[PDB]
Amino acid sequence: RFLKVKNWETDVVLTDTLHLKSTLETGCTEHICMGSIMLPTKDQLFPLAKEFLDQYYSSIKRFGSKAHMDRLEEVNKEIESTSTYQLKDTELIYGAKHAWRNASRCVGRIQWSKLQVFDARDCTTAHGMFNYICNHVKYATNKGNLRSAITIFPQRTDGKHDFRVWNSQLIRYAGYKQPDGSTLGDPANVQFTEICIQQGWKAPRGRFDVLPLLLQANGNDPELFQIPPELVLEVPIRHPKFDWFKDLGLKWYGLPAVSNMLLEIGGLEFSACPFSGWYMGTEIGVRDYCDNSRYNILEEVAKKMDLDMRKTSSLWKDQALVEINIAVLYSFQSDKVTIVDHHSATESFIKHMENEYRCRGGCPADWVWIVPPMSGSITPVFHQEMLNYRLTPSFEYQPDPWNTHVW
Amino acid sequence: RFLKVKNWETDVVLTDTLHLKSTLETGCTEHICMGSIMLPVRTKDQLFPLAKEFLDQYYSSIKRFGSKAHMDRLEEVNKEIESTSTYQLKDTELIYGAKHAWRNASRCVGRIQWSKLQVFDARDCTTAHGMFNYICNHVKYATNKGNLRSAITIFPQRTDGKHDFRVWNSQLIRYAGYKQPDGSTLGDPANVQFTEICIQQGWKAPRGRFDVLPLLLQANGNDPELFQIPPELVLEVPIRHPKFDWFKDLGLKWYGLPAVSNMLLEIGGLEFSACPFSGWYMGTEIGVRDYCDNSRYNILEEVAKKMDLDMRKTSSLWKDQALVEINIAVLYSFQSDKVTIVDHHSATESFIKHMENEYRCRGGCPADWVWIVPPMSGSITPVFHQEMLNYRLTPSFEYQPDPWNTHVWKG
Ligand code: HEM
Ligand code: HEM
Ligand SMILES: Nc1ccc2ccc(CCNCc3cccc(F)c3)cc2n1
Ligand SMILES: Nc1ccc2ccc(CCNCc3cccc(F)c3)cc2n1
Ligand SMILES: C[C@H](O)[C@H](O)[C@H]1CNc2nc(N)[nH]c(=O)c2N1
Ligand SMILES: C[C@H](O)[C@H](O)[C@H]1CNc2nc(N)[nH]c(=O)c2N1
Ligand SMILES: [Zn+2]
């Protein structure tokens, strides 16, 4: 019931009680661990509201005050009546910050409480959503000095009137299958790129074409909008030592902005809630560039380095991987775009876990995601035992819209 | 109930039915995953069901299930249990058992090799000197002048829990660690405590950076006894780098034979508390963990110094750079000296093929992702992208408490 986690590098032992509040389920049982699986009414709504408001009012040291009981009463009456309810701004901001705070897969959560929340609940049209989004993009980008932000669109009502951003991130590169056989641009987005095209987008058909937004307001057919190029900050990728690196023609965008998730606060569902922070280097250089099903450029870089690609045991892949990642970090830093390396992010997270164990009685963490995709054991999080559990408010996955939408 | 795992690189989806034969528990519940926790005297009562399920599995594997021999064997084991409270395994069931425990080891990336396991039956062993003799033969056989062969030596099983056979060492071959009065460590920091136990039992420590520890061996619940492994039996590899000539001057070497000696082999409810086994190294075990863990030899700084990398910011990735160079060196040295080693690309690719084969023939392959994914270059190996299901099958290898914590000293 009180659980211990050990750091095997430092012997530091933390005790976890926060897990006893865990409300959602994990995927696992006593017989099988599913830790590495990627994805594992009025009646229902009032307990969910209560649990949230109880934690909200405890967080402001007003648990069991007349203010607390009154709001519980007020929300109760509103559920009874409307079959839903509305968050106060204060609750909304709290809800959003806490969803980040509870994101067990996020290494960057030391930052959780500095989150700019843009309340777009008054939004009604796809054009409005586009305006909100461009404002968010410009605010968060801050000419390279990035700030965390979330923009929250109206909450699900009857599931017929959902707001959705069909994009997976606000800024992403197009991917095109070729007669050729292979793939131009980003293979992760081939399907979304076709959905745009089949909705009307004139594709430049390049390697690094910023996708148009596909925005759905109020359950309508989604619409296309080009993010003003002037708002999309990009970084040309060069190496501090290899001059030929530039000639690979690589670039990436400064702003990581996930837009296909669902934010749940007190049982209410916010199906359009694009949020952004800034990149850890490995996300671009390890995953985006080197995944076989992504830009997959390892082979080409190794060649330019004249490495022995005859045997896996020369560690040419590994040698090239490190160089690609040095280059990503160097380019972002050169151009003054905020970026974090995996050593610094993971060091931060250990300090954050320490703070949370101390102030909150724990910190849900998914080791499989927290440990970076390169140099695992030379980062401190490798040696850190973590307990994974699901707390609310939360961000959740949801089915890609085109499978759902009654077109 | 069927369970699916997807590989997110290849889209290959596999179906798991084997997890239905799983008995032991995981640590996890519907409310908490303990997948990153390092560690998550039997009656007749619990013994016969464990023996029965085991012999049912053995008889099935030899296509004799329900045969007269199967039935006569169950009856004979049962009789032996109620009369003696325990039972002896036939040679063949021991072999099958030891192989299955390897096949079932969800944290082992080397399991493609599970069926080629040389089993040495040391159950007639009675004394610590007898144990030393068995272990030398094991080491010499497994080593095979650099052409490493998998092996396990199986000493007598637990009886009343007061007559245990144990190898106190954590691996048969390991280097001493010495905590110095300024607080610095000499040799391998992992083995300090045990080094200290050996000293106290009377080992005369050479006190170098790579002193092979002596064997501390307990027979029949008696106090353990020291022995030195003949040096001619300890194959070692000096570490050098193909392009960096100063690498040799770091004075590094490692031993060739990874031989884990502190686990417990469970087969059909029986407990083999001394069951040392060995394979060969995956390069990252030495190059990443043994050399570059902060808590181990910790050579990253000195290597990056010699490479004259930019060490003033972590964002130069000097650490990642030194790490690759050290690991290139470990593989280069082993291959040059013709001592078996596998790199992490080769091993993980083999594992993916082993796993798919196992899903097809066995209906599953329990696998611990946290452990299978290599401690460097995780996502450029195919395992990273492979969903895995972790569950516990018997026969199995289990942890046990360090014996200095539990032993009743005779004096
Ligand atoms: C400020 C800088 C931030 C850093 C460096 C960062 C770092 C990361 C990284 C590296 C991942 C794993 C990504 C992957 O491999 O796909 C991640 C996951 C995640 N982070 Fe962050 N994060 C940041 C800010 C945010 C913010 C602002 C939110 C929301 C308010 C957020 C919520 C999440 C969620 C929900 C996940 C998991 C998504 C999933 O399960 O697929 N993070 N974080
Ligand atoms: C033949 C070559 C082998 C290779 C390359 C190999 C590879 C590995 C590696 C890399 C690990 C994780 C090591 C660590 O990070 O501490 C491991 C774990 C393990 N392997 Fe092997 N293995 C081999 C043979 C064997 C053999 C012969 C057995 C026993 C019969 C075995 C049973 C295990 C077990 C039980 C574990 C998990 C130990 C734990 O939980 O601490 N493996 N294997
Ligand atoms: N730097 C940041 C900041 C916030 C982030 C939030 C979420 C993610 C994850 C992106 N999700 C895409 C995805 C990844 C893996 C499986 C899947 F289904 C979908 C990365 C972040 N990276
Ligand atoms: N190459 C091989 C072959 C077989 C192996 C069997 C077991 C192990 C694991 C040994 N672990 C030592 C250890 C060190 C630190 C903490 C801990 F729990 C365990 C590695 C193998 N490595
Ligand atoms: C199969 C496995 O769960 C999957 O590849 C995971 C592993 N860890 C990850 N970790 C992070 N941060 N991001 C990911 O996309 C993944 N993918
Ligand atoms: C806390 C964490 O589970 C622990 O560091 C594990 C992680 N994965 C590992 N994986 C392997 N192969 N070996 C290890 O010693 C560890 N250590
Ligand atoms: Zn689990």
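Method of determination, as annotated in the archive: X-ray crystallography, at 1.91 Å resolution.

### Let's talk about the overall build of chain B
Regarding its fold elements, chain B presents 10 helices and 18 strands. Since a compact globule built from 411 residues should have a radius of gyration of about 22 Å, the 23 Å found for chain B is in line with a globular shape. Taken over the C-alpha atoms alone, chain B extends approximately 70 × 60 × 45 Å along its principal axes. For chain B, buried positions account for 56% of its 411 residues. Total accessible area on chain B stands at roughly 17,800 Å², and carbon and sulfur atoms take up 51% of it. When the 47 basic and 49 acidic side-chain charges of chain B are each reduced to a single mean position, those positions are 3 Å apart.

### Structural notes on the pattern of salt bridges
A side chain with one charge may pair with a side chain of the opposite charge, provided their charged atoms come close. Residue and element names in this part refer to chain A. For the coordinates displayed, the defined rule picks out 43 salt bridges over all chains. Here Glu 74 and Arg 71 are joined by a salt bridge, their closest N and O atoms 3.1 Å apart. Of this pair, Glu 74 and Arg 71 both sit in helix α2 (residues 66-82), three residues apart, roughly one helical turn. Here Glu 74 falls in the partly exposed class, since its relative accessible area comes to 38%.

### Re the domain arrangement of chain A
Residues and elements named next belong to chain A. Once the domains are mapped, chain A shows domain 1 (16-121 + 148-158 + 262-276 + 346-370), domain 2 (122-147 + 162-233 + 397-401) and domain 3 (234-256 + 279-344). Counting from both sides, the interface comprises six residues of domain 1 and, opposite them, six residues of domain 3. When the two sides are added together, the surface that domain 1 and domain 3 hide from each other amounts to roughly 400 Å², 45% of it contributed by carbon and sulfur. Taken together, the connections running from domain 1 to domain 3 amount to zero salt bridges. Linking domain 1 with domain 3 are five residue pairs in polar contact. Of all elements in the fold, only β15 (275-276) and α9 (342-360) reach the threshold of two or more residues within the side of domain 1 that touches domain 3. Grouping the amino acids of the side of domain 1 that touches domain 3 by side-chain chemistry returns two nonpolar, three polar and one charged.

### Here's the deal with the state of the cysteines
Residue and element names in this part refer to chain A. As enumerated under the stated definition, the model contains zero disulfides over all chains in all. Unpaired in terms of disulfides, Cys 123 finds its nearest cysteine sulfur in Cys 134, a separation of 12 Å. By relative accessible area, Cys 123 is classed as buried at 5%.

### What to know about the coordination of the zinc ion (ligand 7)
The protein atoms that coordinate the zinc ion (ligand 7) are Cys 28 of chain A (SG), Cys 33 of chain A (SG), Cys 28 of chain B (SG) and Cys 33 of chain B (SG), at distances spanning 2.3 to 2.4 Å. Bound by four donor atoms, the zinc ion (ligand 7) shows angles of 99 to 122° at the metal and therefore tetrahedral coordination geometry.

### Quick notes on the side chain of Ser 273 of chain B
All names here are of chain B. With respect to the secondary-structure elements, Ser 273 resides in the loop between β14 (270-272) and β15 (277-278). You can call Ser 273 buried: its relative accessible area is 0%. Side-chain polar atoms of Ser 273 contact the backbone oxygen of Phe 165, separated by 2.6 Å. Apart from residues lying up to four places away in sequence, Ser 273 is in contact with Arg 158, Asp 164, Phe 165, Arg 166, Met 263, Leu 264 and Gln 400.

### Things to note about the coordination of the iron atom of ligand 1
Within the protein, a single donor atom binds the iron atom of ligand 1, namely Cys 106 of chain A (SG) at 2.4 Å. Mapped onto the secondary structure, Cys 106 of chain A falls in the loop between α3 (89-101) and β3 (116-119).

### Brief notes about the site of ligand 6
Taken together, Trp 367, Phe 382, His 383, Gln 384 and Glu 385 of chain A together with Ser 36, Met 38, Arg 289, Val 370 and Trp 371 of chain B are the residues near ligand 6. Each of chains A and B places residues near ligand 6. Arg 289 of chain B places a polar side-chain atom, nitrogen or oxygen, 3.2 Å from an oxygen atom of ligand 6. Between a nitrogen atom of ligand 6 and a main-chain N or O atom of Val 370 of chain B, the distance comes to 3.1 Å. Contact with the protein chains covers 86% of the free accessible surface of ligand 6, which is 400 Å². Here the residues of the shell around ligand 6 sort into five nonpolar, three polar and two charged.

### Focus: the interface of chain A and chain B
The interface of chain A with chain B comprises 64 residues on the first partner and 62 residues on the second. Counting the surface chain A buries against chain B, the share from its top three residues, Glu 30, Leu 315 and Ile 378 of chain A, is 11%. Summed over the shared surface of chain A and chain B, the number is zero salt bridges. Joining chain A to chain B, the criterion identifies 29 residue pairs in polar contact.

### Section: the site of ligand 2
Residue and element names in this part refer to chain B. For ligand 2, the set of nearby residues contains 16 residues, the closest of which are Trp 102, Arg 107, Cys 108, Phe 277 and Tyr 399. A distance of 2.6 Å separates an oxygen atom of ligand 2 from a polar side-chain atom of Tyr 399. Looking at the shell around ligand 2 residue by residue, the class counts come to 10 nonpolar, four polar and two charged.

### Let's talk about the packing of aromatic side chains
Counting across every chain of the model gives 42 aromatic pairs over all chains. Ring centres of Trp 168 of chain B and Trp 409 of chain B lie 5.7 Å apart, and the angle between their planes is 75°; this geometry places the pair in the edge-to-face category. Of this pair, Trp 168 of chain B sits in the loop between β5 (166-167) and β6 (177-179) while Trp 409 of chain B sits in the segment after β18 (396-398); the two residues are 241 residues apart in sequence, bridging distant segments of the chain. Look at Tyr 175 of chain B and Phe 210 of chain B: their rings are 5.0 Å apart centre to centre, the planes differ by 75°, and that puts the pair in the edge-to-face class. Linking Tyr 175 of chain B in the loop between β5 and β6 with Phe 210 of chain B in the loop between α5 (192-201) and β8 (215-218), this pair joins segments that are 35 residues apart in sequence. The two residues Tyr 175 of chain B and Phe 210 of chain B agree in class, both being buried. An aromatic cluster of three or more residues is present, and its members are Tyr 173, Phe 208, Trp 252, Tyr 253, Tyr 279, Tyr 289 and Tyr 295 of chain A.

Basis of the calculations
- Residues numbered from 1 in each chain as written, not as in the entry; some residues may be left out.
- Chains lettered and ligands numbered in written order.
- Heavy atoms only, no water.
- Helix = DSSP H or I, 4+ residues; strand = E, 2+ residues; numbered from the N terminus.
- Rg over C-alpha atoms; globule rule 2.2 N^0.38 Å.
- Buried < 20%, exposed > 50% of the residue type's maximum accessible area, 1.4 Å probe, protein only.
- Areas by Shrake-Rupley, 256 points an atom, 1.4 Å probe, with all protein chains shown as cover.
- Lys, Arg positive; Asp, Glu negative; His and termini not counted.
- Charge placed at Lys NZ, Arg CZ, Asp CG, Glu CD.
- Salt bridge = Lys/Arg side-chain N within 4 Å of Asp/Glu carboxyl O.
- Domains from an automatic or database assignment.
- Contact = heavy atoms within 4.5 Å.
- Buried area = accessible area lost by both parts, 1.4 Å probe.
- Polar contact = N/O pair within 3.5 Å; in protein donor to acceptor, adjacent residues only side chain to side chain.
- Nonpolar A, V, L, I, M, F, W, Y, C, P; charged D, E, K, R; others polar.
- Disulfide = S-S within 2.5 Å.
- Donors = N, O, S within 2.8 Å, 3.2 Å for Na, K, Ca; no water.
- Tetrahedral: all angles 85-135°; square planar, octahedral: opposite > 155°, others 65-115°.
- Near = heavy atom within 4 Å.
- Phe/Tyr/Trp six-rings, centres within 6.5 Å; stacked < 30°, edge-to-face > 60°.

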